[PDB]
Structures are given as C-alpha cells and as structure tokens.
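Asker: Before anything else, here's the structure in question.
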Amino acid sequence: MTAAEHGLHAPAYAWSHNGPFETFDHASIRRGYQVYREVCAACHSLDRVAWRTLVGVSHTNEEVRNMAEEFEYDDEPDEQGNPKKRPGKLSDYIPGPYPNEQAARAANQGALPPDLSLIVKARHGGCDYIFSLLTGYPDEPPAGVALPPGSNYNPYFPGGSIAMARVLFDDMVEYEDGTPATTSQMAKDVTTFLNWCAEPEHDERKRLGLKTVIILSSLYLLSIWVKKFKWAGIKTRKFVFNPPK
Amino acid sequence: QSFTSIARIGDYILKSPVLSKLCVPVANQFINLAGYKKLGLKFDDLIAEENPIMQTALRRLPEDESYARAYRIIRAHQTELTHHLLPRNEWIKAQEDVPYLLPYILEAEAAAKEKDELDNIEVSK
Amino acid sequence: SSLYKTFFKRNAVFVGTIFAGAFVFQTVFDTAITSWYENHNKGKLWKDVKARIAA
Amino acid sequence: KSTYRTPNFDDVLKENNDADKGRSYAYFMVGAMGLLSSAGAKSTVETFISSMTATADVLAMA
Amino acid sequence: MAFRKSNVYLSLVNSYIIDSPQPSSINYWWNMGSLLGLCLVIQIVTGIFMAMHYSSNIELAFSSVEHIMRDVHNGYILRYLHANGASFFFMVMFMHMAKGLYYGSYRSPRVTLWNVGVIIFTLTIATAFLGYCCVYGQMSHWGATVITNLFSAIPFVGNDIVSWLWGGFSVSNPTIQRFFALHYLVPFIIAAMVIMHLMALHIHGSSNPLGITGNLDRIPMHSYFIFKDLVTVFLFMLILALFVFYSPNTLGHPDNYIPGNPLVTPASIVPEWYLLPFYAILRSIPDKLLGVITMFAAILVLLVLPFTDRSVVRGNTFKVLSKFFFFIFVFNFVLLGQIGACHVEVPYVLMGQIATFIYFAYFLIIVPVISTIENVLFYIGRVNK
Amino acid sequence: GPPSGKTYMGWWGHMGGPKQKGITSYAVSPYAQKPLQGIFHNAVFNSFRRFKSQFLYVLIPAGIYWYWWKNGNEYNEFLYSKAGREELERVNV
Ligand code: HEC
Ligand code: HEC
Ligand code: HEC
Ligand SMILES: COc1c(O)c(C)c(C/C=C(\C)CC/C=C(\C)CC/C=C(/C)CC/C=C(\C)CC/C=C(\C)CCC=C(C)C)c(O)c1OC
Ligand SMILES: C/C=C(C)/C=C/C=C/[C@H](OC)[C@@H](C)[C@@H](OC)[C@@H](C)CCc1oc2c(O)c(OC)cc(OC)c2c(=O)c1C
C-alpha cells in the first residue's frame, strides 16, 4: 500500500519507562496532567480515569480533592424530588468537555476527538506514535498534497489528513516545577501521563513480574536437575543378548 | 499398501535392466539416509504390527528370529532414549538387513485374499 | 556436601519444614525485591517527587 | 557372554569417598523445589482469593 | 492389593497417572498433552473469577472489562493470563497436532483418538471466538459479524440462521449476551471431549518416536514422566509469565481497546493470529460460498490422513522424502499466516492461492504418492532378485 | 465385569509383547551415581548431533519459503512506490 496511506513509521524514543526494570517517571506524569488540563481537556474526555487514582501517583490526597471540587456533578434529588448539583469527590471520574457525541462533533468541524483513557494501547506505536504525532506537524504540507478544507497534514497519521490541528507551541504552559515548557517537552509529558492512564498498574505489574520470573526460572532449573536424577538408572541402563540354545 | 503390491512393483523394477540400474542406487542411498541401521534395526523390524496380517506373521516366525527381533527393538529404544547411535561396529550391515519377515507376510496376505475371494464367489448356471 | 547432613542428616526435608521455610521466604524475598526495585528507580518514584514538593 | 560378568559402569559411578554425596545434592534439590513451589502455590491462591475482595471503586466513605 | 488399585476412584487415577505403562523412549514432544490440560485449567479458573465481575450487556461489556483491568485486585493479571493463555493454548495445540502428523499418531489403531482430537480443535476455535466477542471492542464486533455471516452462505435458510444466531437485525445486545453464555458452556464440553480423548488413548497407549511397538520395554508414568512433565510445565509458565507481566498486549490487536462501533469497520482489522492461516485460505477464493466451504474443508481434511498415508511404517523418523515434505507443509502453513496478515494486494493474492493449493495437495497428493514411493524404495534396496 | 475388546496393549505381566528370552539387563542406583555435573567434557561434543542430521530437512524448506516471502514483499514495495505506479496499473486489475 502507498507510504502516505500507511502513514510514516514512528521512531523509537528512549522513554524512561521502557525496560523490564523501569517504573514510570512520576514527575513527568505530574506535568503531563497539567498539559492535559490546560490544552487537551478542551476537546478530549478522559472518562475511565477516577480522581482517586491520581492520589499517590502524581498528586497528593489534598491536591486531588481540590481539583475534583472545581467540578459539579449531578447529586441525588432533594426531599421534594427536584434535581440538585454537588461539587466533585474522589470517587468521581474526570469529567469531559462535551455532554454528548453530537455536541463534540459540532465543536470540531464534524470530527470526534476520541477519549484518551486508552489511546496509548489503542494504537500501533504506543508512546512513540502519540509523541511523534504531536510533534510532527510540518509548517506546510509536501508539494502536491491537496489538503481538504478544515484538515491538517501530519505524516504520522494514516492518509496524512488529520482533523486535529497542531496544539502544542513553546511556553504555552507554565510548569509548576520550573521545567522549560518546550513543545517536545510537553509532548513527552502528556504522553507519559496518557500511558499511565491506560496502564495504571504498570509499576506494580513489573515488580510482580520480577518476582514471578525469578521463582519460575529457579523452579525450571531445579526440575531439570531432579528429572535427570530420577532418570539416571534408566539412562545408563545396559543390555546384553545371549541367544537361547 | 499391501506387501503383495510393493513386491509386484519392486520385482518389476528389479527384473528390467533399464530400471534396475537406475533405481537401486537411488534406493540404496535412501536406505542409508533413513538411519535405522545405526540404531541396530533391520527394515522388517520397522513394519507397523498392529493389524491381523502382521500378528499372524509374527506368530509364525521361528523362535530364534523372534528373540532376535525382541533384542533389536529393545536396544533401539534404549539407544534412542540416550540420544546416541550405537558404536559403528554394532550397526546392521547391508548383508544382514534381509527381509526376514517378508515371506511370512506375503503368505498371510495371499491366504487372506483367497478367503475374501471365496466368501464372495458368484455362481453361474 | 556435609552442610546438608548437619541439618537433615541423610534424610529428605519434611513437608512441615518446607511449609515453614516457604512462609519465611515469602516475606524475605518480597522485601529484597521491593528494595532493589525502588532503589533502581530512585528519582522517578512518587516518594521522590513528593520530597521536592511543599504545598 | 556370562551374565555374572557385570558390564562397565565406571564412567557413571562416582569414586565413593563421600558415600552420601549424590543423596545430599538430590535431597537439597528436591527440598528447594518443594519450598519454591509451596511459596508459589500460596501466592497464586492469594492472588485469586484477593480478586474477590471489595474493588477499588466500591470503597466509598459516605 | 494396594489401596490405590482397590478403591473405585483411586484406581482410575492409578491406571491413568501412576502405573500407566509408557514406552521408554518417548521424547519431550510427548509433553504437549499435559500442557494442554494445564491450559484448559488456566482458562477455566481465570474465566470464572473474571465472570464474577463481568457484565454481558452490550452497553456495559467493554467497561466491565476495563473495570476488571482497573478496579479488581489483581484483575489485570487475570485478564492478561486469560488472553495470553488462549494464545499459548493454540501454540501448544499446533505443536501437539504437528507431533501427531510427524510420528503417524493418527494411524491405526489410534484413528478414533485422532478424530476426537479434530473435534476438540474445532470446539476450541469456537470457544476462543466466543470469548473474543465478549470484550466488545472493534475487533469483537466485526469478528462476530463476519463469523456469524459465514452461515449466510448456506442456500435458502442461511440468512435465517444468521438472524437467529444474532437474535435480531444485527450484532446487538441479544448477540453478546448469548455469546457470553455460550462461552461459559463450551469449555465444559471440551473437558468432556478431553476425557473421551484420554479414554481412546488408554486402550492402545502412546506411540513413540521409532514408530514401532512399545510393548517390550515400558516404564511407569509415576515418577519418570510425572517429573519429566514438570520440567516443561515450569518452562511453559516462565514464558507465559514473560508475556503476562512484560508484554501483555503483544499478541493482541490495538483495535480491541476501542469500543465496538456498528457504523465503522477499521481499515486495520486483522483476525487473531491463530486464525490467520484459515482466514488466508478463505480470502484466496474469490467466491462467497466456495470461500467458506474451502476454509472448513481445510480443517476436515485432517480426517483423511489415516487413509492417504500408504506407508507400511508409522512415522517420519526413518523417511527422507516424508521429512522434507513435512517441513514444506509446516513452513507453508506459516506462510499462509503471514499472507493472512497482509493486504489483498498483487504479489500476496497469488502466493496465498498457491500456498492454499500446497496445503490441500499435501494430504491428498503428496503423502499418498511419496509414501508409496518410499514403500518401494525400502523394498528394492534390500531384495536381491 | 463386562467383556472388554482386544487391544494391542495389555498391562504389567501381560503387556502383549512377544516372549522374551536371552536378554539380560543391568542398572545402577541413581544414588550411587556421580551427581549431575558430568554432562560436559564427555557429553558435549557428542551432543548437537540430533540436529546435524536434521537441519537440512528444516533449513531447505525454510530457505525456500523465506526467499519466496522476501521476494513477494519487495515486489509489493516496488509496486506502491513512485517508480512502480506504471507497473502497478498493469498487474493490478
Ligand atoms: C480540540 C481543538 C483539540 C485539542 C485541544 C486537542 N485535540 Fe486531539 N484531537 C482533536 C480532534 C478533532 C481529533 C480527531 C482526529 C481525526 O482526524 O479524526 C483528535 C485526535 C487525537 C488523537 C487520535 C489520533 C489518532 O491516531 O486517531 C490523539 C492521540 C490526540 N488527539 C491527542 C491529543 C493530545 C494529547 C492533545 C493535547 C496535547 C490534544 N489531542 C489536543 C482535537 C483536539
Ligand atoms: C466464564 C468462564 C469462562 C471460561 C470457562 C472461559 N472463559 Fe474466556 N472469557 C471469559 C470472560 C469473562 C471473558 C472476558 C474478559 C476478557 O476479555 O478476558 C473471556 C474472554 C476470552 C477471550 C478474549 C481475551 C481478550 O482479549 O480479552 C478469549 C480469547 C478467551 N476467553 C478464550 C477462552 C478459552 C480458549 C477458554 C477455554 C479453554 C475460555 N476462554 C474459557 C470467561 C470464561
Ligand atoms: C487433532 C489432533 C489432536 C488434538 C487437537 C488434540 N489431541 Fe491429544 N493426542 C492426539 C493424538 C493422535 C495423540 C497420540 C499421540 C501418540 O501417542 O503418538 C494424543 C495424545 C495425547 C496425550 C498423551 C501425551 C501426548 O502428548 O502424546 C494427552 C494427555 C493428550 N493428547 C491431551 C490432549 C488435550 C488435553 C487436548 C486438547 C485440549 C488434545 N489432546 C488435543 C491428537 C490430538
Ligand atoms: C498415555 O499417556 C499419557 C497419559 O495417559 C496421561 C494421563 C498423561 C498426563 C496428563 C493429563 C492427565 C491431562 C488431564 C487433564 C484434564 C482431565 C483436564 C480437566 C479439566 C478441568 C478444567 C476440570 C474442571 C475444574 C473446575 C470446575 C474447578 C474450577 C473452579 C473453582 C476453583 C471454584 C472457585 C470458586 C470459589 C468461590 C473459591 C500424560 O502425560 C501421558 O503422556 C506422557
Ligand atoms: C454460536 C457459535 C458460533 C456461531 C460459532 C462459530 C464458529 C466458527 C468457526 O469456528 C468453528 C470460525 C471461528 C473459524 O472458521 C473455521 C475461524 C477459522 C474463522 C476465521 C476468521 O476469523 C476472522 C476474525 O477472527 C476477524 O476478527 C477481526 C475478522 C475476520 O474477517 C475480517 C475473520 C474471517 O474472515 C475469518 C474467516
């Protein structure tokens, strides 16, 4: 199939979480959340992530509580049955920008910004893809490419024509920890944050794997030895034939 | 495939000097590559025995050949399980790789075929 | 290995001792692994990030 | 050949200066396999049993 | 006599696992069967614990699986074990089948054993498909759509069978709820078929790598093979563990992390890897009916081998031409799989059609021709007259 | 119990094999044997033999298929590049 239709292969960046013994970098997760809140959240929902999961990961119990309370959620009807709102709690899920699909399409030239809860696992390339997409918008499309009105060119997206315009620009965010908010830095951070949203069990999963693999390896090496011992009499057994008179 | 049939085709090739000089050398090379002789086996020891013809045949085999087949088979399993081959001096030589069970098999197939023929004979008046 | 004959003296290890040793192993092994893991990832953990935060 | 003439096992037999040499090694291996298995089985059982405890999303402090 | 022999229940255990006489020479290729029983157990246990947290309603299925992944303690371990285990179940089954093919295990007196195995294989393929649909991701919806549609190729009543399977106008709630119910049931029917498989195995015992009788030298299952089985059980668990903990999604499809959408079929749709060779076979026939008939025939043709293998010796160990063509068959099968993973494009379409021919030609032409030639070669190479 | 059909395998004491006579076997307790460490120096060069006889049966069919695969792939790549769009229109429909 043509290269344009397939999309440009995303290269392999040196993510700090790549490697069997590597955990996520939690400071990057912390920063990624800010980029998500200040840039992405205007068009992208994050439906599967509950506030409580942030605690002990990227924020404190107090910080998350404040963040949740900035949003109103439907509450149980009062004594008389009329509906009533309520500030958010830790048990709630991060709210999305649109009330329904139709309202989301209207605000984006008819396109639908997907939920990002699983985006890292729902695309070949994973982090490499997401990062590359965000930092891969050329100022001008290659010569000859007739880009439809309202569309944008990005070599990493299949078909090259994507409905999301470039949204990351240098210093559009003021990192709370003082880090220089370059576009590639912000891309690196949200992407790390989105990987955690999709794989919250990552750090713990690899820790368990380490114990599991050590025990199983030992059991394997050990069983070989035990088997050879139990078979030694059979393996070294010897026969002699003396034809009967 | 019956041994009567393998014999029919094989003998036809063996008689005709055209085919006989063309095939046998190929067949000889095939037999050496097979490798069964390195385990101490004779080809006839390799015939699948779980059928009535082969049971009739093995039953009719003289004692001495029977005890011999038994030793060769046991020796082959033991060598196979040790992942080795026998020392070269113990391999079966071509002169020894004789079709010792073949005559008993052919005889039983003929007896069997005749019964099948006689049980189904039509009659004309 | 005479180290074996001191503890078990030519006899195999009995299930009771095996079970008991397993409970011990479970705890020891877990701490050893968690320690190495957290150390290998020093700087990236939330523990480390919280130290550089004050609010 | 005479059945009383036992074939050569020299290549397999250990020069017995330490009688319980193979026994100690075998029993240590068997014992260690028994230990790591029991710990493994215990961990497997707890993993499954704990999947039935209250889920993270239902521990709401009303 | 010993209690293990006298007790009604224990004697079954004794005759099948303790005193069962095994041919002394079976190699590690004979360890696959126990690995298959182990796989069956892993799938059943992990599936029941997950069922406890799963909702089959089409509106909740995908989220209920995300709930298992996020909120259930050790939930991701159960799901990843189940998903990766299904793949491992197929890898081992192919090896178990390939072993049978190579050693003439399908031959008399083990024909019944082989036939039951073919049934288990069909049931296992159906069970995995039903499970895959339960996730209700994009691949789930379209997989359910495409596969239930296979039956529309049946003349006259085909579309009726499909609407009946669906429970409506298209793959919807009724469909996913019945597929979960059926996914839970089939594993138990497979278990009953495995017992029938072991029953046929017991009357004649296992075969061996030499292809000849094992009656002159047997050793008890207990101790020898129990511990030899243990060696591969751990190696199997180690490798499964590497995937479950270190690379849990490498054997799946990213599109199944997207909720099913009835109005859009992804351009990236690709069947599960273990179904690729069959998919390729179907795709190679440019006709609807014939495509589905040929694909099903690719499975049923396995039943023909006891009749087309004309050899007078069981197995390929001492057969030069048969060994060569066996490997042509294996690699041809891998090719069929690589073609299934490719686009319906020029070089690929023709290669798939030729590989499909080679697949069927192996059972119907190559084996009978080659086995006959080998029969004759064995004869003229020793008869001096 | 109920009559059982004749098979090709019996049980200990009546396995169904032919009568054995003249064969004498010998064995030595695994306990009396040199603990697992001798599988080297004596059992190393001897190994790798059950693949030196087999690799050709595996390699040749593998080679044929890998080459065939590489070729068709590289041809597909050419067909979908600029240089091959002419040939593409020809071989396509
Ligand atoms: C609204 C103006 C947007 C903002 C702010 C961001 N995104 Fe977006 N995104 C938007 C649309 C309209 C689309 C649809 C694209 C299409 O052609 O259908 C998207 C899509 C994405 C995707 C998915 C791409 C794919 O492979 O299908 C990703 C990974 C994505 N967006 C990421 C992303 C991030 C991380 C953002 C903040 C840094 C961000 N988006 C902002 C619209 C808008
Ligand atoms: C209820 C008991 C139950 C049994 C018994 C069971 N499963 Fe499942 N299986 C499930 C549930 C629940 C799901 C959905 C969760 C999931 O996706 O893993 C599932 C999903 C699947 C999936 C999809 C995996 C994925 O990608 O998420 C496959 C494939 C599968 N099962 C294969 C099997 C096989 C093969 C067997 C039997 C040999 C089996 N299952 C037995 C309950 C069961
Ligand atoms: C289509 C073929 C086929 C399938 C599928 C199959 N089997 Fe078998 N099985 C056989 C044959 C044939 C043998 C006899 C092999 C021999 O002795 O040479 C066998 C033997 C066995 C053995 C004995 C040990 C061994 O590996 O030879 C066990 C145990 C076994 N199978 C279990 C299973 C289980 C469990 C499943 C599936 C869940 C399964 N089989 C599926 C064909 C099959
Ligand atoms: C002649 O050759 C042989 C041979 O004969 C045999 C037997 C073996 C050995 C292998 C086997 C016997 C394999 C057998 C496997 C099976 C019979 C599989 C049966 C499968 C099942 C899944 C059983 C059903 C189980 C359950 C319902 C339990 C799950 C549920 C639970 C734990 C409930 C949980 C709930 C709560 C509330 C705690 C060989 O290896 C062999 O060749 C060397
Ligand atoms: C209620 C129970 C029912 C209805 C059971 C039905 C069982 C059917 C068969 O099993 C016996 C069937 C699964 C088996 O055919 C022999 C497989 C090889 C089918 C292979 C198969 O997979 C696909 C797939 O997985 C997809 O996913 C995204 C998409 C697909 O197209 C794009 C296919 C496809 O085109 C084919 C042929």
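From the backbone N, Cα and C atoms, a Cβ is placed for every residue, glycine too.
In case it helps, Swiss-Prot gives these features for our protein:
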- E:1-27: topological domain 'Mitochondrial matrix' (TOPO_DOM)
- E:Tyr16, E:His202: ubiquinone binding site (BINDING)
- E:28-51: transmembrane segment (TRANSMEM)
- E:52-74: topological domain 'Mitochondrial intermembrane' (TOPO_DOM)
- E:75-102: transmembrane segment (TRANSMEM)
- E:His82, E:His183: heme b b562 binding site (BINDING)
- E:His96, E:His197: heme b b566 binding site (BINDING)
- E:103-110: topological domain 'Mitochondrial matrix' (TOPO_DOM)
- E:136-172: topological domain 'Mitochondrial intermembrane' (TOPO_DOM)
- E:173-204: transmembrane segment (TRANSMEM)
- E:205-223: topological domain 'Mitochondrial matrix' (TOPO_DOM)
- E:224-246: transmembrane segment (TRANSMEM)
- E:247-287: topological domain 'Mitochondrial intermembrane' (TOPO_DOM)
- E:288-308: transmembrane segment (TRANSMEM)
- E:309-319: topological domain 'Mitochondrial matrix' (TOPO_DOM)
- E:320-340: transmembrane segment (TRANSMEM)
- E:341-347: topological domain 'Mitochondrial intermembrane' (TOPO_DOM)
- E:348-364: transmembrane segment (TRANSMEM)
- E:365-385: topological domain 'Mitochondrial matrix' (TOPO_DOM)
Asker: Whole-number Å only: compute the distance from the Cα of E:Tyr16 (ubiquinone binding site) to the Cα of E:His96 (heme b b566 binding site).
Answerer: 19
Asker: I'd like to know if the transmembrane segment (E:173-204) touches the transmembrane segment (E:348-364) in this structure, counting it as a touch only when three or more C-beta pairs sit under 8 Å and are separated by 6 or more positions.
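Answerer: As far as Cβ distances go (cut-off 8 Å, pairs 6 or more apart), the transmembrane segment (E:348-364) and the transmembrane segment (E:173-204) do not touch.
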Asker: Consider the binding-site residues E:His82, E:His96, E:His183 and say which one has the Cα lying nearest the Cα of E:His202 (ubiquinone binding site).
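Answerer: So, of the listed binding-site residues, the one sitting closest to E:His202 (ubiquinone binding site) is E:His96.
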Asker: Between the binding-site residues E:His82, E:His96, E:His183, E:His197, E:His202, where is the Cβ count within 10 Å the lowest?
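Answerer: If we count Cβ atoms within 10 Å for the binding-site residues E:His82, E:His96, E:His183, E:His197, E:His202, the smallest count is at E:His202.
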Asker: In Å, rounded, how far does the Cα of E:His183 (heme b b562 binding site) sit from the Cα of E:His197 (heme b b566 binding site)?
Answerer: 21
Asker: Cβ under 8 Å, sequence separation of at least 6 from the ends of the topological domain 'Mitochondrial matrix' (E:365-385): give me the contacting residues as numbers and ranges.
Answerer: 305, 308-313, 319-322, 325
Asker: Measuring Cα to Cα, how many Å separate E:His96 (heme b b566 binding site) from E:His82 (heme b b562 binding site)?
Answerer: 20
Asker: In the topological domain 'Mitochondrial intermembrane' (E:341-347), how many residues does DSSP call helix, how many strand, and how many coil?
Answerer: 2 helix, 0 strand, 5 coil
Asker: Can you name the far-off residues of the same chain, 6+ from the ends of the topological domain 'Mitochondrial intermembrane' (E:52-74), with a Cβ under 8 Å from a Cβ of it?
Answerer: 134-137, 172-173, 175-177, 180-181, 259-260
Asker: Which numbers of helix, strand and coil residues does DSSP report for the topological domain 'Mitochondrial matrix' (E:1-27)?
Answerer: 13 helix, 3 strand, 11 coil
Asker: Out of E:28-51, E:224-246, E:288-308, which stretch has the largest tally of CB pairs under 8 angstroms to the transmembrane segment (E:173-204)?
Answerer: E:28-51
Asker: Restricting to the same chain and to residues at least six past its boundaries, which positions have a Cβ under 8 Å from a Cβ of the topological domain 'Mitochondrial matrix' (E:1-27)?
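Answerer: Residues 198, 202, 205-210, 214, 217-222, 224-226.
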Asker: Across the topological domain 'Mitochondrial intermembrane' (E:52-74), what are the DSSP residue counts per state (helix, strand, coil)?
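Answerer: Result for the topological domain 'Mitochondrial intermembrane' (E:52-74), in helix, strand, coil order: 10 helix, 0 strand, 13 coil.
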Asker: Could you give me three numbers for the topological domain 'Mitochondrial matrix' (E:205-223), the DSSP helix, strand and coil residue counts?
Answerer: 3 helix, 3 strand, 13 coil
